[PDB]
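First, one chain by itself: the form deposited in one PDB entry, in structure tokens.
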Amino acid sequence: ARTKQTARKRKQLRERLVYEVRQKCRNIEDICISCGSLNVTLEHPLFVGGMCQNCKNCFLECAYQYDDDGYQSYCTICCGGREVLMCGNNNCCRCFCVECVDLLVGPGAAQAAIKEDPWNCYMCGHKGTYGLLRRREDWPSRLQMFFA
């Protein structure tokens, strides 16, 4: 995977909650997979998990933020990130930051993606499930509803 630093524009909590999900003491549907808030008011449209209103608002904005490389400015999951992996295919243009990858796919996963070439992101890959990341069967209709 190609990487970039994001254009300049919580962790403790996300980290603890992901541990609890992995340990089967919390459901991923009951946390905001983007920031870790427990004030879940909707379902994340791409991946199994919850989303808070504030994150929904960021997602709506970030969807339209692209860099001059033709790729999305920010992480698909958390709408931020410092360093992001870029999907190897051109109809995609998505990015995933190393924090969410190591956190949700697993420790080592980012570095493994960085050294996989060509690399297809978690939205493009045929398997659909990577660690805690579980792509929705119906993300296109969810995504459409989400933006309408």
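The first residue of the sequence shown is number 1, and the count goes up from there.
In the other compared entries of this protein that model both flanking residues, residue 108 has coordinates in every one, well short of a third left out.
Note: missing coordinates for residue 70 occur in none of the other compared entries bracketing this position, so the one-third threshold is not reached. The gap between residue 9 and residue 10 holds 4 to 9 unmodelled residues of the deposited sequence. In this PDB entry, the Cα temperature factor of residue 82 sits in the top third of its chain's modelled residues, the highest group. Remark: residue 89 belongs to the highest third of its chain, ranked by C-alpha B-factor as recorded.
Sort the chain's modelled residues by C-alpha temperature factor and residue 51 lands in the middle third, per the entry. For residue 110, the recorded CA temperature factor ranks within the lowest third of the chain's modelled residues. Ranked by Cα temperature factor within the chain, residue 65 sits in the lowest third according to the deposited record.
The following text describes the form solved in complex with a partner chain, which does not appear among the structures shown.
The shortest heavy atom separation between residue 28 and its partner chain in the deposited bound form exceeds 4.5 Å. The closest heavy atom approach of residue 72 to its partner chain in the deposited bound form falls within 4.5 Å. Contact annotation for residue 49: none of its heavy atoms lies within 4.5 Å of its partner chain in the deposited bound form. Looking at residue 104, you'd find every heavy atom of it more than 4.5 angstroms from its partner chain in the deposited bound form.
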